Amino acid sequence: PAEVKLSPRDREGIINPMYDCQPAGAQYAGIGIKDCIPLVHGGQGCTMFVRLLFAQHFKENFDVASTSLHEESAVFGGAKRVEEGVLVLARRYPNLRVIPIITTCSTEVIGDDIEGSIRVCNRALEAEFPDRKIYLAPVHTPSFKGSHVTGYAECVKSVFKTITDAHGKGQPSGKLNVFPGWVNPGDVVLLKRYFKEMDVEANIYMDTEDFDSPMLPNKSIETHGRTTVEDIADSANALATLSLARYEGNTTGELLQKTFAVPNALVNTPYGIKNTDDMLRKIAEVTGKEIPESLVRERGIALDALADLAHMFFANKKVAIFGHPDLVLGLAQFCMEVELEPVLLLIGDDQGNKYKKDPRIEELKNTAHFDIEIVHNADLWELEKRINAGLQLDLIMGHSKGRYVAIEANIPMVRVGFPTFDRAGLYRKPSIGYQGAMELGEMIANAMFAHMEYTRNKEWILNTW
Amino acid sequence: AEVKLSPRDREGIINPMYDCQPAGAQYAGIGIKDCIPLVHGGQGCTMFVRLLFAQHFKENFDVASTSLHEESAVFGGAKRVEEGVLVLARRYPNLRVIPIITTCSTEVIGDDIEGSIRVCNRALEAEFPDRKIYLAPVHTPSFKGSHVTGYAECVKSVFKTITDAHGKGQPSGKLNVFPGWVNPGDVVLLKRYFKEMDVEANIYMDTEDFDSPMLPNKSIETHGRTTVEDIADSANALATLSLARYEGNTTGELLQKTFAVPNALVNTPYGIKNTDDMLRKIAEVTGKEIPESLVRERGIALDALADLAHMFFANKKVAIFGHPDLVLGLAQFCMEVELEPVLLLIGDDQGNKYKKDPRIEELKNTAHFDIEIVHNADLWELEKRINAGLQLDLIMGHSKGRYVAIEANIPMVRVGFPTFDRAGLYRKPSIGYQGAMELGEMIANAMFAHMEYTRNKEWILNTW
Amino acid sequence: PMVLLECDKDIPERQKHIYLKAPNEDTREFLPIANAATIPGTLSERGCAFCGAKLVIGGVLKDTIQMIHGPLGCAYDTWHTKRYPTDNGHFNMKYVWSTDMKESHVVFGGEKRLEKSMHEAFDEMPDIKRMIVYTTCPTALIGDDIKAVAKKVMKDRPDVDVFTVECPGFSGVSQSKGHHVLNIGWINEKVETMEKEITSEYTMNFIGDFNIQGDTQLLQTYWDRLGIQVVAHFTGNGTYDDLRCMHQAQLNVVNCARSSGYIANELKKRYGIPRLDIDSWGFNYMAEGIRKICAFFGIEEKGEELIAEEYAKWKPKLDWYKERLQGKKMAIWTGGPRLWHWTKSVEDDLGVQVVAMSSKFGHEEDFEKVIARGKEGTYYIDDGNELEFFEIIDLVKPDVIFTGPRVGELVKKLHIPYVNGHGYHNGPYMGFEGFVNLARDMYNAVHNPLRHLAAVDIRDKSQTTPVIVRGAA
Ligand code: CLF
Ligand code: CLF
Ligand SMILES: [Mg+2]
Ligand SMILES: [Mg+2]
């Protein structure tokens, strides 16, 4: 019988890392907050390289500051660099409200007391700016543990703890909290539409829609996170939390349940049809609202489109998928709905104890008719080496830092997850939901079609399908 | 420095760009609710066109044949029309509209379509007293024009038929909109624009539901949404907005002559300026302001195109083929993003009209590179010019040109009709601001994949 | 005078870093402070010392494992970000290596973790025999002895050669310190450890060129035409072993005197090899450079044949661009040297006015050079930050900004176009052809319909949408 096997990378070192380090993910969490400038306590590269990474994915600038740790502070302590950095930010950015103070390998190794610096800064800020409130959140993100996925989740949780500690529980809002995880602006646009069509009030944490900002006649800069202090504080007042990503915000939903008795509902990340269906069923359950006819229609249009592709072009084609764990596991399920065979799943960090318990692994074990290898703690050399050793793949799905693997092996690749810098506009295209499943399926087919043309592999067949 | 119009220099065609008139008339008709066109001619004239629509849309559309056979070629085919109408009416109880589309055969033999319509009207009134079926005569000989002209003729004839029957009533306050031959995605964009600008409008024909769901209840919803009532109400509109000179403007003029509904023909809204000017015309005729939401969509489109234009597009040479409104509009879009459309191919015998198109002058006054516009073109014209040394970086056209691009190793973006060799393109807008953005990003993504397959500076796709 | 910008009222120390050149001043009284500590919290453009070693210099090499001893982020962050092709399939851009430091290694030491990672890298790619190992913030802090580990690996693997760099990010103040440590370690440890065959009467090293979009390969067409053997390129399209041979050259030609002046200085001191500084950007600059190289070697006529052919090929296109770019205003916000390589070359060859310049990490030497060559009324900024860029834009109103892509994407919102002053748009930009490439991208950036369209508010009844007529050389 077919076997779904979990295995670790068998090397100590990394070649071609799948993810960045924790502080990068904490920066990504923070840039989704309005009137927020994260402050990365460590050497300058820890900031500047991540600002470049976000420019690669989004083709936009995001504001993140460094504490500029130098030799003196590496030897004698960096608290004064934190403290000066906070004050320089507040003095030069009058509308600044939130500063996640993100540690790095350096400042974790030397043991700077971030909570003590925050007390110093709160004192200093209260004296200098008696009419402002600036929220300083301690974010402990040593890069020698976890990855950007864990750092994202840690920063969301710390910021929510900080803001809700200050505000507490108050008037019930009647809204859902929604933690979609690390998704694109197009994913956020699709979720907002779903809630609007279902007549469900919701805050999406973080609201990154406006990362795709206009070039306007008045030259105004609108490239900002839309989640406010007020939105975050109101999370204590929600009817329920819908957590879409076990590794990308569910721990914040759990904290709000523990602290404020907001019930948390973790569902499978909504990649593919069944996972979207079950997300909408959970929203209906928690809210008492009906699923609208408009979503039945969108679902039906997606199924119509995928039916043009599945047995003709996808059946029995083997796929490798890499990316964030919620995305890898969700896309594996989507692939099987359209008769693709996801034979190799690669997840890129040290969280294997958690992944072994993910219920979607069992869901795959109970459905797959082909062997699946799930490599955890994987790097992208694990994919390249397996292709070199003879693994036959028809498709790769992953982010752009794997591009050379696909190019050299002459395998079509669909760009998913983060970062997708080597194609245009993908941050605007949904991947989740019904429309997203349709868009993903058509991206797969179109990549295969172009490959058939370039390789002259039955290219004449693209006429009467 | 020179924009030159020239005809194809061969009498024959190799690799035709367009189908014949009746195919275009069929396309017009399938956008009407409770309509089954009846194509009066041999069986291939129907079945091949139903297949063409299945290629583009991946859907069935209902069109019937009169099944002209040998006896009718000797004695005339009127009885095949008359039978075909009754057999439709008897077997499709909800049928309301039958455009009766002629073909080369039935134009050559001179069947009297209007005489057959009088017979069928009498028969139908006697047999179905509580039913009204509108029979529209559509004269579409294939030995002139093309599916473009046939589209325009059918729209006009259906509108004449239905408005003749109902005449002028109470003012509707709505616009009439003739977008021309566009995709369901283009219709979805236009509906959003009118909704955001608080402008009531009928879009003729409304083909949104051609992209129909596969539903739990097994219902078939693959239909045109434009009704008899919607067409009849065109007489009562505030104004007509015609987006396509060759694809429905002549119906806008007919409604202006017959019912004093003022027609406004504008450049087809490919690219930013043409979209801007369309919206200004809507504002002028309705008195409604252009909403902030469209300033923002425009700005998002410009932001995206600005990531592409000087880095990847500037000085790249483009050939474009397709319907004349699409070719001329895409040439203007290309120049906005620094592409150089050096070869425009338009596929039919309407050169005496194209020579007067104001967009030619807009190109002659703008371009800094020679442009050759070949009218009465086939797709061999493109292939032969490439074989003779024309250097192109991009082709934009429909899927029947695919082998030209494949063999020449030139990236190609699929636009216009039919686009059967890629998935989902009928759902993606090409017009408007979002459409300009989507077109530009298809261009870039086609270039990017080409760079990877050909190992042409493929390392550069990192920090653009 | 020196300038206190409004956005710097609460960090008034920045006045000593910003000079506005005015008539009759003795510029010796107005030299910006440079290469001093960064102010925390400013959104300085600076990067780290590790970046200067691995990303900028060592990582250019085509045949060398780049083993980053640290947690995974420093590796991730230096991969898919540079444009330095090679003639072996771009090995340097396809791969990055990390020791994947974990907490246990912080507590108990990372030397065995490095040693294992090095053996794995050599085992996974048996045809690669050269490696540079870099420290990062935490491996520096815990005192791992990477030289000792490298020596043990070399003993156990006689096929390999390893170089080590101690370059944590907090060293120095910027990328600059990584340049220094790498240069000095390379000449102390690896120069004079190999020789190559000398195949010309005329030999040189080309020092301080990193093959951005093929710059080095373009310049090599000149050296091949002139019959000059390049012993080593430091480090564009280079090999580890070529760099071991640098002591053999007769001449060191320097372009990037900031990153690579150190090794030229030490090669002159130790081996007597003269240092010749040139500008390998700029059309008339390139000619001067070739004439100096040829005068040194006594091959003046060969140099004049090359120059005459290159002018005949490229000068008419360059002059077409000058006609359309004359009087345009440019800003240069890059590392430092391109400010002094470009301010007077774009002025001389394209008629372009550089109105504002910012250096991430330049030294006072770099400011001496740029202010010598630059214009009056121009701003000269050491260690510029984001709010300063906005205020400078208001002051000088540039038509184009040469800067990195993220800042380009920021100033786009202000309808100001950019050219990538680091990785180029459509390069190479060095040499005669390269300056035409640079001019073409500048031209297409500013003469761009999208800028004009973005300015139009379609709600304004008084406004129309314009059409802009462009050109091509
Ligand atoms: S200033 Fe430079 S890039 Fe920064 S750590 Fe230091 S050498 Fe490196 Fe590394 S793993 Fe991530 S990115 Fe940092 S927190 Fe550490
Ligand atoms: S039954 Fe067969 S396909 Fe029909 S015409 Fe006759 S041989 Fe030909 Fe031709 S041009 Fe068009 S498709 Fe017709 S109307 Fe004439
Ligand atoms: Mg369908
Ligand atoms: Mg943008």
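Residues numbered from 1 in each chain as written, not as in the entry; some residues may be left out. Chains lettered and ligands numbered in written order. Part of a larger assembly, values for the part shown. Heavy atoms only, no water.

Within the PDB entry, the label attached to chain C reads Nitrogenase vanadium-iron protein alpha chain, and the organism entered is Azotobacter vinelandii. For this structure, the PDB header gives the title as "Vanadium nitrogenase VFe protein, high CO state". UniProt lists a comment for chain C under the heading Subunit, and it reads "Hexamer of two alpha, two beta, and two delta chains." (UniProt positions renumbered as here; feature names shortened; annotations may be inferred.)

The PDB entry annotates chain B as Nitrogenase vanadium-iron protein beta chain originating from Azotobacter vinelandii. Under the UniProt heading Function, the entry covering chain B gives this text: "This vanadium-iron protein is part of the nitrogenase complex that catalyzes the key enzymatic reactions in nitrogen fixation." Taken verbatim from the UniProt record of chain B, the Subunit comment is "Hexamer of two alpha, two beta, and two delta chains."

**What about the overall build of chain B?**
A count of helical and extended segments in chain B gives 19 helices and 14 strands. For a compact globule of 464 residues, the expected C-alpha radius of gyration is about 23 Å, and chain B comes in at 23 Å, within 12% of that figure. Principal-axis analysis of the C-alpha atoms gives chain B an extent of 75 × 50 × 50 Å. Considering chain B as a whole, with its 464 residues, one finds that 64% of them fall into the buried category. Accessible surface, chain B as shown: approximately 16900 Å² in total, 51% of it carbon and sulfur. Of the charged side chains in chain B, 50 are positive and 63 negative; the average position of the first set lies 2 Å away from that of the second. (Helix = DSSP H or I, 4+ residues; strand = E, 2+ residues; numbered from the N terminus. Rg over C-alpha atoms; globule rule 2.2 N^0.38 Å. Buried < 20%, exposed > 50% of the residue type's maximum accessible area, 1.4 Å probe, protein only. Areas by Shrake-Rupley, 256 points an atom, 1.4 Å probe, with all protein chains shown as cover. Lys, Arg positive; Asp, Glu negative; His and termini not counted. Charge placed at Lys NZ, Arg CZ, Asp CG, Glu CD.)

**What about the environment of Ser104 of chain C?**
All names here are of chain C. As for its placement among the helices and strands, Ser104 is situated in helix α4 (residues 103-108). For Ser104, a relative accessible area of 44% gives the class partly exposed. As a C-alpha pair, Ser104 and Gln66 span 38 residues in sequence and 23 Å in three-dimensional space.

**Remarks on the coordination of the magnesium ion (ligand 4)**
Here the magnesium ion (ligand 4) is held by the protein donor atoms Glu60 of chain A (OE) and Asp303 of chain B (OD), which lie 2.0 Å from it. You can see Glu60 of chain A sitting in the loop between α2 (45-58) and β4 (65-66) and its partner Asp303 of chain B sitting in helix α12 (residues 292-306), one on each of two chains. Just as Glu60 of chain A is buried, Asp303 of chain B falls in that class too. (Donors = N, O, S within 2.8 Å, 3.2 Å for Na, K, Ca; no water.)

**Focus: helix α13 (residues 300-325) of chain C**
Residues and elements named next belong to chain C. Maximum bend of α13: about 45 degrees, positioned at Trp314, with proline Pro316 one to four residues after it. Of the positions making up α13, those classed as buried are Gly303, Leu306, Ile307, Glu310, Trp314, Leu318, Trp320, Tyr321 and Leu325. Summarising the contacts, the buried residues of α13 are in contact with α9 (215-226), α12 (283-297), α14 (337-350) and α18 (431-446). (Bend = angle between axes of the 7 residues up to and from the residue. Contact = heavy atoms within 4.5 Å.)

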